[PDB]
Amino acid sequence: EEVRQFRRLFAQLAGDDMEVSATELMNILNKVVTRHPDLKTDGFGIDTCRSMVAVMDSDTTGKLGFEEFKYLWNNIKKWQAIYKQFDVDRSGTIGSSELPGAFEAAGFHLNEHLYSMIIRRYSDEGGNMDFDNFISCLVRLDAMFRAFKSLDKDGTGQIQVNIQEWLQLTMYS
């Protein structure tokens, strides 16, 4: 079974406490991208990894346990294929002309306005996007959709939060 197999790999990657900290995550992701020069990026920074751990830390332990890390990794490899798939110029980044497709391929159909804000927050001057940026953007977008669906219990397409819930959802991200 693939899951048991991953349990095994995970025991080698997890820290002393058998969860993966933001620093351990950063170190694993960087060793992996380093073997893939065709993926352009300045590296995954510690701030971005702390953010990714936070949005993925649904049981609020402070780090990624096996299930969380497996969920994350599966998305990363699924999204990393789309990346290589839309790097037509094989520039090592997704040109601005291919990003709308890329997001589409990952299953994201988003408004023209929200799309531009995301581009502003994650792309370069050229409007192109590198690897850690593409990946970190997707982990968050994915997490914010799930978060929204999880909070909309009655399924009305609208959620309600008080100041405490709002600060928790936005500061722990």
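We call the rigid core whatever largest set of C-alpha positions still superposes within 1.5 Å between the two forms. Note that residue numbering begins at 1 and tracks the sequence as displayed.
Q: Kindly name the stretch, out of 107 to 115 and 25 to 33, whose CA atoms are displaced more from this form in 5 other deposited structures of this protein after the core superposition?
A: If we average over structures and residues in 5 other deposited structures of this protein, the farther stretch is 107 to 115.
Q: Fit on the core, then compare CA atoms: does 50 to 58 or 144 to 152 lie farther from this form in 5 other deposited structures of this protein?
A: Farther from the shown form on average in 5 other deposited structures of this protein: 144 to 152.
Q: Compare the mean C-alpha B-factor of 75 to 83 with that of 97 to 105 as given in the PDB entry, and name the stretch with the higher value.
A: Comparing 75 to 83 with 97 to 105, the higher mean C-alpha B-factor belongs to 97 to 105.
Q: Mind pulling up the entry and telling me whether 47 to 55 or 24 to 32 has the higher mean Cα temperature factor?
A: 24 to 32 has the higher mean C-alpha B-factor.
Q: Would you mind finding, among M129, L64, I135, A147, the residue with the largest C-alpha temperature factor in the entry?
A: In the PDB entry, the greatest C-alpha B-factor among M129, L64, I135, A147 is found at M129.
Q: Would you mind checking which of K40, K70, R140, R121 has the top Cα temperature factor in the PDB entry?
A: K40 has the highest C-alpha B-factor of those listed.
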